[PDB]
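Just the one chain here, the form deposited in one PDB entry, laid out as structure tokens.
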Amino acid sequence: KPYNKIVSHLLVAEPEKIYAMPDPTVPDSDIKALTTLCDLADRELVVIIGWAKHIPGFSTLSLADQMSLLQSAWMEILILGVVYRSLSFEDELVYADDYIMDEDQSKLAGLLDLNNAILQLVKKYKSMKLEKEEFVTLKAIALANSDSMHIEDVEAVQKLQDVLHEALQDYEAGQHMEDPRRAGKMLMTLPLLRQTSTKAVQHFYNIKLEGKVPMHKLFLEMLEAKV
């Protein structure tokens, strides 16, 4: 009852912080903000792919299934990260230590409604006192449970889901005896994450079509996935 090994493992597999590095020579605009954010996402996607390899059983899936899970889950993983980084803040989203968006900035970027939904995720997790252990486990569950239409080995993916769910259940049983239903409460946060991700993918797909915001190869690869 030092806690669950999978949880411990995900904690040490957690990537280091990444800076956004908005270009200080460029005038502030919606284009600058969206460019900065998509550039940051592209770099994060590299680290997310590397991170996934540490999840027990993930690297044993076919390359096609690994890619399918990542192409369905990437936005949820990105959003859960900004959510977690923002828990100790008030009405602000910490995309990076050097890129914190308040309401005015979100409006300027055309992201008021989307960032408000992300702040809704933040609000609920603040009330629940979301722990880092729970965050990393939920990121892994979101990956495994992402509902790609293209899975080859359905049973192996369900097995991965079960392994990660078990880890969450075991963690909560040991760490949160005061609330025997806390694991389920955690799982019940996933629908809002999925809802927000679905809308964010459509939003940025539309930005891609408009062609005014430069996007890098990996971000585009994820955005152009069939979902």
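Residue numbers here begin at 1 and follow the sequence given.
Omitted here: the form deposited with a partner chain bound. The next part is about that form.
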- Message: With the distance limit set at 4.5 angstroms and only heavy atoms considered, check whether 70, 218 and 222 all reach the partner chain in the deposited complex.
- Response: yes
- Query: Is residue 175 close enough to touch the partner chain in the deposited complex, meaning at least one heavy atom pair within 4.5 Å?
  - Reply: no
- Considering only heavy atoms, tell me if residue 26 and the partner chain come within 4.5 Å of each other in the deposited complex. no
- Applying a 4.5 Å heavy atom distance criterion, does residue 35 contact the partner chain in the deposited complex? no
- Query: Should residue 31 be classed as touching the partner chain in the deposited complex when contacts are defined as heavy atoms within 4.5 Å?
  - Reply: no
